[PDB]
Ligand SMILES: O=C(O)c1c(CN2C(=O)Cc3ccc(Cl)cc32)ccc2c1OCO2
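The chain below stands alone and is given as structure tokens, in the form solved without the ligand.
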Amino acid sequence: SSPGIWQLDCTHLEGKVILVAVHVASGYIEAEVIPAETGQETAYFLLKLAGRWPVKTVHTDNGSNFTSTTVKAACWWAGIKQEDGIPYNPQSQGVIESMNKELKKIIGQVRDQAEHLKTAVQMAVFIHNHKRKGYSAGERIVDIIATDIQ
């Protein structure tokens, strides 16, 4: 059910990991900076996400997070269906690749406005979610979910 479907995505910058959750139907994102991708960090990130949005399904970003018992436990706790992230639709690869490139571009555009990478990443999340393509991703997610509630 597409209002509740999210995709995890892991990218790297400045020797750190940027963990991203994408709301598939809207393109809305949440993101955080962590030193390395672990099951515990991924689990915590998903717990945060599901407290904020009605997360029904998460397509994990790799096999390690799919396998992780801690991630499975977080998904159990938060009522999330944990699924693999095999791109059965080949367009998905491209969309995520394109998103990572866009995010890194925005981070470069703001990078001197903050000392810490985490701040620049949150500026990039802000800009991404507010950009009108006409609706923004932030508007699209709210509309999609509200329509589903009604």
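The first residue of the sequence shown is number 1, and the count goes up from there.
A.B. asks: Out of 10-18 and 123-131, which one has CA B-factors that are higher on average in the deposited record?
C.D. replies: So the stretch with the higher mean C-alpha B-factor is 10-18.
A.B. asks: Got a sec? Mean C-alpha B-factor, which is higher, 48-56 or 89-97?
C.D. replies: Per the deposited B-factors, the answer is 89-97.
A.B. asks: Using the entry's values, work out which of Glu32, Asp112, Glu41, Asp61 has the largest Cα B factor.
C.D. replies: Answer for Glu32, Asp112, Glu41, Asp61: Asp112, with the highest C-alpha B-factor.
Not on display, but discussed next: the form solved in complex with the ligand.
A.B. asks: Examine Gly85 and determine whether its closest non-hydrogen atom to the ligand in the deposited bound form is within 4.5 angstroms.
C.D. replies: So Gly85 does not count as contacting the ligand.
A.B. asks: Within 4.5 Å, heavy atoms only: does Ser98 come near the ligand in the deposited bound form?
C.D. replies: Judged by the heavy-atom cut-off of 4.5 Å, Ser98 is in contact with the ligand in the deposited bound form.
A.B. asks: Heavy atoms within 4.5 Å of the ligand in the deposited bound form is the criterion; list the residues of 114-136 that meet it.
C.D. replies: Heavy-atom contacts within 4.5 Å come from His128 alone.
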